[PDB]
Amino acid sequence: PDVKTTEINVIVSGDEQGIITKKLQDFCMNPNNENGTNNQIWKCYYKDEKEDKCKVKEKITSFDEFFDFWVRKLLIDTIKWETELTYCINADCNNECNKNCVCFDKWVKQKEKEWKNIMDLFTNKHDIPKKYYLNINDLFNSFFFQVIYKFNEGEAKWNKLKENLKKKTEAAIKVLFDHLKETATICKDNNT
């Protein structure tokens, strides 16, 4: 109770070039799993920002290292999903576009579970370090180069995401989750 402990099962797309739906293919057919090509079991320990740990093959990282990876990959996958679902943005015959949409909604829910598990490491909302609870401007400045790198016309997609979070509603990740949840709502309704 000095040191808070949590288990975070991270659904990793892959640090590869390609359609989000093919790497998360193994995750789309198989949702909740201890196995699967996309499973990544993390165990985190948090005391201070001076002393914190995370562990997974058996790699042990700092919380900052894990969290940078997690936020960076959350933002990359969101953009990859959005570009893929753009064509999925009303009536069909058990559509691929509908299957993509079903996996995205499942994926958003998985990411919310990952985020809430990460939040368990913090006793109260009033005192969660600024470092891990950044606003829209801060988060989009901090991850500009890291996210943008993965994409052709990356600077434009990043600006589009920032304006859409700015339209929505506070911490950028909650606003992002509201935006993802909404994308899945629109997507499912316009597909079924």
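Heads up: residue numbers just count along the shown sequence, starting at 1.
According to the record, the deposited sequence contains 4 to 9 residues between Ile89 and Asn90 that were left without coordinates. The gap between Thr169 and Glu170 holds 10 or more unmodelled residues of the deposited sequence. Of the two segments, 71-79 and 111-119, the one listed with the higher mean B-factor is 111-119 (C-alpha atoms only). Legend: mean Cα B-factor per stretch from the PDB entry, 35-43 versus 143-151; the higher mean is in 35-43. Across the residues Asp138, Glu163, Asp64, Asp127, the deposited record lists the maximum Cα B factor for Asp127.
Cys54 sits in the middle third of its chain by CA B factor, as recorded in the PDB entry. Ranked within its chain, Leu134 lands in the lowest third, by CA B factor from the PDB record.
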